[PDB]
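One structure is given below, encoded as structure tokens.
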Amino acid sequence: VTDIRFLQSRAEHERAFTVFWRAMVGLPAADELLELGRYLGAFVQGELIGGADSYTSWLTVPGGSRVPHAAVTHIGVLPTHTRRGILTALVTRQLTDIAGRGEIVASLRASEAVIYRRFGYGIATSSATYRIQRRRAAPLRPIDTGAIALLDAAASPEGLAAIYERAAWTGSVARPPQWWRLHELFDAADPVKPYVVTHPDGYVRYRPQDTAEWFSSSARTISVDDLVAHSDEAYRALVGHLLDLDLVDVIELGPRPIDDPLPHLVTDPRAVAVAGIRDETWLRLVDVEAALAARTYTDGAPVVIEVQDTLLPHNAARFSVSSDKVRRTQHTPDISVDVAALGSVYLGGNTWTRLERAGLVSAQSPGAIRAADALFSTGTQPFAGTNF
Amino acid sequence: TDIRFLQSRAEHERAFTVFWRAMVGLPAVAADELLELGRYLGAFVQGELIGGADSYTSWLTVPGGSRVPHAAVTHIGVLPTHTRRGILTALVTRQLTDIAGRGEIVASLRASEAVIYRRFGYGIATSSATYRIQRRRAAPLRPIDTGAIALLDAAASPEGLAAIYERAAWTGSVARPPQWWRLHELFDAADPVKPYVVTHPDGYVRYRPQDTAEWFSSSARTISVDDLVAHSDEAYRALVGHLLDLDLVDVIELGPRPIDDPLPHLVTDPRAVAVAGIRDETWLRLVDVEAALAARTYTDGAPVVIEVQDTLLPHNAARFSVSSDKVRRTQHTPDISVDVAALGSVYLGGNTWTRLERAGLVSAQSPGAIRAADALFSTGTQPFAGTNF
Amino acid sequence: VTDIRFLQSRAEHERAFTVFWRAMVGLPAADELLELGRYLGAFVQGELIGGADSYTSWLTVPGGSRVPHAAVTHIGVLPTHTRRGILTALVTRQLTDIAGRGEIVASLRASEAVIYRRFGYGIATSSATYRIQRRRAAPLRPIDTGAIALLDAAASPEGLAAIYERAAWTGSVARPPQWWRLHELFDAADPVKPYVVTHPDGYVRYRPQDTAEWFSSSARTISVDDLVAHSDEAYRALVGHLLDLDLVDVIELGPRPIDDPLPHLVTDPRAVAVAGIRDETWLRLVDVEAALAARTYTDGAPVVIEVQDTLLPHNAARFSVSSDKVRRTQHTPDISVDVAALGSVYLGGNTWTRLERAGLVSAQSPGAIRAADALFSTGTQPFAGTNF
Amino acid sequence: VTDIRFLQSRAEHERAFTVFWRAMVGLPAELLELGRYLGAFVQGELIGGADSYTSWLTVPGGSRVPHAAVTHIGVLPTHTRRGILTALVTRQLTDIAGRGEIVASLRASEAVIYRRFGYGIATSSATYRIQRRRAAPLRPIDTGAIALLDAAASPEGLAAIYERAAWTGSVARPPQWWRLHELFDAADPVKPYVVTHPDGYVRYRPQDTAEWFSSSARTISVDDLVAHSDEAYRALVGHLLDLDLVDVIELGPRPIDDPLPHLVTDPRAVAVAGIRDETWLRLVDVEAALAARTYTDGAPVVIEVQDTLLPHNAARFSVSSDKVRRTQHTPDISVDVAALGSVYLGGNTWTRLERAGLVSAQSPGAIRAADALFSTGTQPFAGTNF
Ligand SMILES: CC(=O)SCCNC(=O)CCNC(=O)[C@H](O)C(C)(C)COP(=O)(O)OP(=O)(O)OC[C@H]1O[C@@H](n2cnc3c(N)ncnc32)[C@H](O)[C@@H]1OP(=O)(O)O
Ligand SMILES: CC(=O)SCCNC(=O)CCNC(=O)[C@H](O)C(C)(C)COP(=O)(O)OP(=O)(O)OC[C@H]1O[C@@H](n2cnc3c(N)ncnc32)[C@H](O)[C@@H]1OP(=O)(O)O
Ligand SMILES: CC(=O)SCCNC(=O)CCNC(=O)[C@H](O)C(C)(C)COP(=O)(O)OP(=O)(O)OC[C@H]1O[C@@H](n2cnc3c(N)ncnc32)[C@H](O)[C@@H]1OP(=O)(O)O
Ligand SMILES: CC(=O)SCCNC(=O)CCNC(=O)[C@H](O)C(C)(C)COP(=O)(O)OP(=O)(O)OC[C@H]1O[C@@H](n2cnc3c(N)ncnc32)[C@H](O)[C@@H]1OP(=O)(O)O
């Protein structure tokens, strides 16, 4: 009755866009936004009623390695065909196809947080929203900003793509040409054009809010939609530019890392308030063995992790993880966990102790948890400054 | 201007009114019930007491579980008629030197303003979070065993809850002396809404219903959890599971809680748990840096040499070789340079070396020096106190 | 000093539109949206300074009969000519002209509730606005939905007009071609296009709200502007479709009947909240005898209602009303009421007991009020769902 | 394991109160009728309960039927989802039947609890906000019989005025109810004004008194308006509209069809600020309830009632203005007892419940004939909570 196959014609590609938009209901150019050969379709009695797509991408794992990543998106089923196992059919077929392509991880941005964990996706990174009261944000230590250059209207999508390409922070994802084309359209839809300030090692985009009432007796606020900084000097210089921007009362940064050292840049840490925290990267480990081997660890003793994976039985095994070697093992495990929770830990956005506390990790010794956290610990919280 | 310790009870009573004046907006009990007799410092100009700073004999749990001698600093304040004259600096300098002589190695406080104490070496070492849970959306991801849960609402005593709290082992946890419990006896008496107290063999939870006059209103029946003590993973799930299953409750507000509280991982809908706010908590001041670094545990990494800057306590201004095996003073060239305030921020695991280096508070001489230091100091849980003073 | 005549030129029709817009102050080709030979103009010293218009329409009265109805609208006088009796002159001529056309009722939508009762208009229907918390709205009984069809971009204004034409609910009014052309203009101006879902016996139009901030932690809301259901099965199927939309958090229905059985469709009636109730149909009985005879009654004993009418003395008489016959009588009345309050009861939107409680009905015999409610009682609250 | 019995000592009744308060969680901190409180005991400890009061309820036609005012229902959170409430409700309803009472009603804390037991939403209440400056009377309103009785009001005197209540949906206010409201009035520092009429009274309290003499909207709140006559109703409301310092008058709870908008020249001065379910009605004896109410001079209709908890009501009833008896004739209408309760007081019609899928018709005119019989002129309303 229901057939799941890859889309193959421009007519099928265009219909999948209409189907995906319909399922999203409230989402605000034709097929120059897609990558040919990765769009799955769900057909009942002939008509296309759902689908799931992905893009060839990479993902930066702890240690800087850039792993093959499938950026899953465009998932949706028409309301006339929901609750029939169609998404499950799409996701199972998609992950198997992602595996055959040599890709090691897949990630998405969930429209609802109750959908994808049953398929092995785990919340691996989170994002924060900061509101800075600029009048209270004098820098604790001097900030240079000498290399700052204004590029407001002269900025191009090709120039910002060149700066972003050298992104090295953990959790960062590829921004293909199709992603920049999509944001060319978003920029055209907003009448307020964004300011672009650059540094030799980064840039920052910001837009004024309620401009019709700028001179009012309220908080003139700007909104930063992208902050790319490949060096500590660039991070401080770019942030320092905002703290020194005249006429600005409130600076809103979002999405930003949950451990962004904004409170440590100012004499008054309370000038920086966290206005919200949200789940970001839903990571699905497609090849668990290859994923664990692509990431780096600390000089600890090896720990054996038994992973449970129902959709991909190839990952259901025991792995000895160490800074020296990652191998399949038959030794008794130190930790047993499902692939979804392993994905939550994989990028460093969660620890083994906290997932065990929630009841998602089974330990054989109280110090097995400590040993595993000693290996997997990272210095920065992972963060994907990009949505798709 | 004379800075001396208070001695007579009249001076202790006057220092409380002086502290209340400095706080301006703080909400009848003898001062001796809430004070430690030999620990209150006073600031005198002419005969008049115009400021002071106090502390309590306490402990603090550092990474590794060790319970370190800790000075719970509080009651700090100067009258507005004597501010900007160096009086607080004289109080803090005398207080920190006295804390050192008592053999206590750390001091912590709760700052009324975030712009006061970093100049004295205090660093934000822990933070607290506020969660709002939409109970209808918070069905447990895995089944939660609540059979050991017992209702103890009116039968709870300050002495009985103190016995459960004493077994606190989480990093950042601080002592709750009898004076702390006496103070919260008064806060409970002032509030007409009495709190529910639900217990588990390894913990307890206190919660209070909000706007009771409009309880049956359209919607948004909220409860407020002011204390969640759980010494076990099973106790943690049972106590939270008790909250998620409470009938008639629409919104559950937890605060203050650890910033890494695994509430989003307990429920099928992580977005049923929303972070409503994050605030600085522990302002930590390392009084004996060497003894503090030696009391905590580290991972099996290579040693790192940290050069510490300390202006108030030059005894700490030195170079320390930090490793899981030994912590000693060294003359070797350092791998990392930091002031004592930022070292305090990292000490409990609430900050990493990379993020402080990014803010310009850490100077590295090798690229991997930061990575090596974070490998040693990293911890699995964010530090958290859950108690104020 | 003041001349009242019908407009006859397109230049006059265009100015009457400018006068009406000026009188409305804050309201957002005109001959395409107008019906000629029905627009009255008020001329002072030659210049057009006010007017009153109407459309040839019908109105569904209790029992299903479709009576000749004058859809009055476009009433307005310039602020430089108010409080001079011009509206009273406009309304008197209009109602007399409506009477000569053989039309028996007139209705309008009042901009202010203090204007039209002095002319015999009474509030005959009211409308409600519902907000449904979708997560709490599981159906009490299973609702089928196989006959539901998505028709979003394939919908035509002509097709929905064909579905609306079968309207049989009490209070429903004609939607002339001019009305649909007017709503073509509203739909073209809004960049957000509406979803159109159909059933063999009805349809429903809905629009997503704040689409720019759809994925944020704020309740994703849709707004239903039209719900047409000619059968209980169509009503349940269409509403059931809304309750099953996967990404929707809040459903707003409005305007809807004040007795819409939404709370009885769900296990949690409090998932449906009434966000407001407002007067809708201002009904004016032009031919009281013909109106009373066109509607149906219950098998009760006749009651004699004495109607007071100052503008139209043809209605100032006593009428013996029963399920069998409606006649003029000289017998002593059982009930005395002005035509304005009779209009309020005429569609079933009010009862005789409550209007007597308000002091608008006088009873001359014991039990006359009780008897009158038995005849005039209806099972459904009247409702138009259409504005003009 | 779990034992369900009636309480027998005041010590048990008092703990049942604390257990009820515990289950209610956030309810604010003698008041009982002995011999009507059911308790749930596991190993000698009381962990749940359900209580009721001897009361009456005004059904269409004015008849005052024996009514069980259900309240105090609650189970400790350590013993929920084990069938204890179902055991309490089953025992309670069978006990209500044995006492000769024909209806039971309650005020539900959650709307998702009691329908499975046959309770139906029979009345709803509304909250009105009147912009007093815009509320001039449409017709002149007399008020010479209005008398200020503010501090001279007594619980015993006001209870005598309420006793003459004849509107459909009204319930008895026992002495225990007035004692409970004596306690609420003593706790509130703002004492209520009490204005009387020969046929009614009205209680009102000023809102936010601390900022009265200079703010945006000085509002008063009317918590009780009892009026046994059209003249008393207009006089009492007219008194409120003529209070010189009041900007906004808030009435609640009031009937959903309160003719306030028809009293003023500006109907939009009266806004509906909210609508909430009120009476959850459970027909304990369907036949006797159908007989106690009045109907119009229509043709008989046969109603088939479904009732799982009380099979005595599972039958077919011929309803007419002359006679209500059990019959074996094929029914014209089929309904479960919960939905029949929704219509019983006139707060719902057969057409709207059928449209919601709660009524099945066997004849085309059966729905229309049933509405002809059951129609009432006033929406039912219980100006009282318990
Ligand atoms: C990467 C992105 O683009 S995120 C965008 C996701 N898309 C949307 O939100 C569009 C709107 N929604 C939809 O299109 C659909 O509801 C989908 C795709 C989310 C789900 O499609 P379905 O065909 O209904 O899924 P399926 O039948 O396989 O359900 C599998 C299980 O997940 C559950 N489930 C699926 N979707 C949801 C949901 N939205 N909320 C809660 N539970 C869900 C089902 O109950 C079922 O559980 P069960 O096995 O215990 O019965
Ligand atoms: C643990 C606790 O209880 S926290 C409670 C702290 N108490 C209060 O906040 C009460 C209100 N404030 C006060 O009483 C006083 O302002 C105090 C105690 C904070 C400071 O007392 P002072 O006598 O003015 O301090 P002192 O003169 O030594 O100032 C030292 C430096 O800190 C600065 N400083 C002190 N307080 C503040 C403040 N509230 N805001 C900003 N800067 C301050 C001074 O400007 C000075 O800086 P400088 O050396 O560059 O000139
Ligand atoms: C169907 C629709 O389109 S409704 C749209 C109605 N139009 C508007 O609201 C536009 C703005 N207003 C206007 O154009 C004018 O004020 C109108 C049309 C409301 C009234 O026109 P006028 O020529 O001033 O009316 P007119 O002089 O005949 O007044 C008759 C009586 O009604 C009263 N009246 C008229 N309008 C109002 C009002 N808005 N508020 C209160 N009373 C009014 C007058 O006071 C007068 O009472 P009186 O005899 O006791 O002195
Ligand atoms: C008249 C008055 O006083 S109203 C006051 C009502 N009391 C309260 O609201 C206090 C808070 N709630 C409680 O104490 C309890 O939840 C009670 C009393 C409502 C229910 O007690 P329980 O022992 O859990 O009821 P019980 O186990 O018999 O449940 C019977 C059914 O109703 C359902 N149910 C019972 N209470 C609820 C509720 N609050 N929400 C949703 N469903 C419920 C159960 O799921 C069960 O359904 P099922 O047969 O499909 O599995």
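Numbering starts fresh at 1 for the residues of each chain in the structure tokens, the chains themselves are lettered A, B, ... in the order given, and ligands are numbered from 1 as they appear.
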
Enumerate, in order of chain and increasing residue number, the residues of chain C with an atom no farther than 12 Å from ligand 4, each with its shortest atom pair and distance in Å to one decimal, counting only C-alpha atoms and all ligand atoms, as a Markdown table.
```
| residue | atom | partner | partner_atom_place_in_ligand_line | distance |
| --- | --- | --- | --- | --- |
| C:136 | CA | ligand 4 | 41 (C) | 10.8 |
| C:267 | CA | ligand 4 | 41 (C) | 9.6 |
| C:268 | CA | ligand 4 | 41 (C) | 9.1 |
```

What's the 9 Å shell around residue 225 in chain B, counting only C-alpha atoms, without same-chain residues fewer than 2 positions away, as an MDAnalysis selection string?
chainID B and resid 205:209 223 227:228 252:256

Selection as a list in words: residues within 6 Å of ligand 1 by only C-alpha atoms and all ligand atoms
residues 23, 24, 72, 73, 74, 75, 76, 77, 78, 82, 83, 84, 85, 86, 87, 88, 108, 109, 110, 111, 114 and 115 of chain A; 246 and 247 of chain C

With N, CA, C and O atoms retained, could you export that selection as a tab-separated table (two decimals), in the first residue's frame?
```
chain	number	residue	atom	x	y	z
A	23	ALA	N	2.99	20.07	5.85
A	23	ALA	CA	3.12	19.42	7.15
A	23	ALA	C	3.61	20.40	8.21
A	23	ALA	O	3.16	20.35	9.36
A	24	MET	N	4.52	21.30	7.85
A	24	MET	CA	5.01	22.30	8.79
A	24	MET	C	3.95	23.34	9.13
A	24	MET	O	4.10	24.06	10.12
A	72	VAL	N	20.01	15.88	7.97
A	72	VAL	CA	18.64	15.46	7.69
A	72	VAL	C	17.69	16.64	7.90
A	72	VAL	O	17.80	17.38	8.88
A	73	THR	N	16.73	16.79	6.98
A	73	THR	CA	15.74	17.86	7.03
A	73	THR	C	14.58	17.50	6.10
A	73	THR	O	14.54	16.40	5.53
A	74	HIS	N	13.63	18.43	5.96
A	74	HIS	CA	12.48	18.29	5.06
A	74	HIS	C	11.56	17.13	5.43
A	74	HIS	O	10.76	16.68	4.61
A	75	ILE	N	11.65	16.65	6.67
A	75	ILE	CA	10.83	15.52	7.13
A	75	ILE	C	9.41	16.00	7.40
A	75	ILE	O	9.20	17.01	8.08
A	76	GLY	N	8.43	15.27	6.86
A	76	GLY	CA	7.04	15.62	7.07
A	76	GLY	C	6.07	14.67	6.39
A	76	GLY	O	6.38	14.12	5.33
A	77	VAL	N	4.91	14.47	7.00
A	77	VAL	CA	3.84	13.64	6.44
A	77	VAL	C	2.54	14.44	6.48
A	77	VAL	O	2.27	15.17	7.45
A	78	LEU	N	1.75	14.33	5.42
A	78	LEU	CA	0.49	15.05	5.37
A	78	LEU	C	-0.42	14.55	6.50
A	78	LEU	O	-0.39	13.36	6.84
A	82	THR	N	-1.06	10.39	8.73
A	82	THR	CA	-0.24	10.30	9.93
A	82	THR	C	-0.65	9.10	10.78
A	82	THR	O	-1.72	8.52	10.61
A	83	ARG	N	0.24	8.75	11.71
A	83	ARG	CA	0.02	7.66	12.67
A	83	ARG	C	-0.19	6.32	11.96
A	83	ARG	O	-1.00	5.49	12.39
A	84	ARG	N	0.54	6.11	10.87
A	84	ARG	CA	0.47	4.86	10.12
A	84	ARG	C	1.84	4.22	9.90
A	84	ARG	O	1.96	3.32	9.06
A	85	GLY	N	2.87	4.66	10.62
A	85	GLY	CA	4.18	4.08	10.46
A	85	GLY	C	4.98	4.61	9.29
A	85	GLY	O	6.02	4.03	8.96
A	86	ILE	N	4.52	5.70	8.66
A	86	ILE	CA	5.17	6.20	7.46
A	86	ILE	C	6.50	6.87	7.79
A	86	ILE	O	7.51	6.62	7.12
A	87	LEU	N	6.52	7.70	8.83
A	87	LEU	CA	7.78	8.32	9.25
A	87	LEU	C	8.79	7.26	9.67
A	87	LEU	O	9.99	7.37	9.36
A	88	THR	N	8.33	6.24	10.40
A	88	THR	CA	9.21	5.14	10.76
A	88	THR	C	9.77	4.46	9.52
A	88	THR	O	10.96	4.10	9.47
A	108	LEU	N	19.71	16.67	12.89
A	108	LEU	CA	18.55	17.44	12.47
A	108	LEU	C	18.21	18.46	13.55
A	108	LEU	O	18.82	18.49	14.62
A	109	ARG	N	17.24	19.31	13.24
A	109	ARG	CA	16.64	20.23	14.20
A	109	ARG	C	15.18	19.83	14.34
A	109	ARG	O	14.42	19.90	13.37
A	110	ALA	N	14.79	19.40	15.53
A	110	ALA	CA	13.47	18.82	15.72
A	110	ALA	C	12.42	19.92	15.85
A	110	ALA	O	12.58	20.87	16.61
A	111	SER	N	11.32	19.77	15.10
A	111	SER	CA	10.20	20.68	15.27
A	111	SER	C	9.44	20.39	16.56
A	111	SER	O	8.88	21.31	17.16
A	114	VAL	N	9.49	15.15	20.71
A	114	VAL	CA	8.95	13.85	21.09
A	114	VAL	C	8.96	12.87	19.92
A	114	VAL	O	8.30	11.84	19.98
A	115	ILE	N	9.71	13.16	18.87
A	115	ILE	CA	9.61	12.43	17.62
A	115	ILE	C	10.77	11.46	17.43
A	115	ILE	O	10.56	10.27	17.22
C	246	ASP	N	-0.54	18.13	13.57
C	246	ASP	CA	0.56	17.70	14.44
C	246	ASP	C	1.37	18.86	15.03
C	246	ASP	O	1.81	18.78	16.19
C	247	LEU	N	1.59	19.93	14.27
C	247	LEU	CA	2.43	21.02	14.75
C	247	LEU	C	1.66	22.15	15.44
C	247	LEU	O	2.29	23.08	15.95
```

With a cut-off of 8 Å and counting only C-alpha atoms, select all residues of chain D in contact with chain C and give the selection as a PyMOL selection string.
chain D and resi 111-112+139+230-231+233-234+257-260+262-263+265-268+271-277+296-298+349-358+368+371-372+375-378

Test item, strand (DSSP E or B) assignment across range 201-375 of chain B, answer as number ranges by chain
B: 203-209, 222-230, 251-258, 267, 273-286, 304-309, 319-322, 327-329, 336-339, 362-364
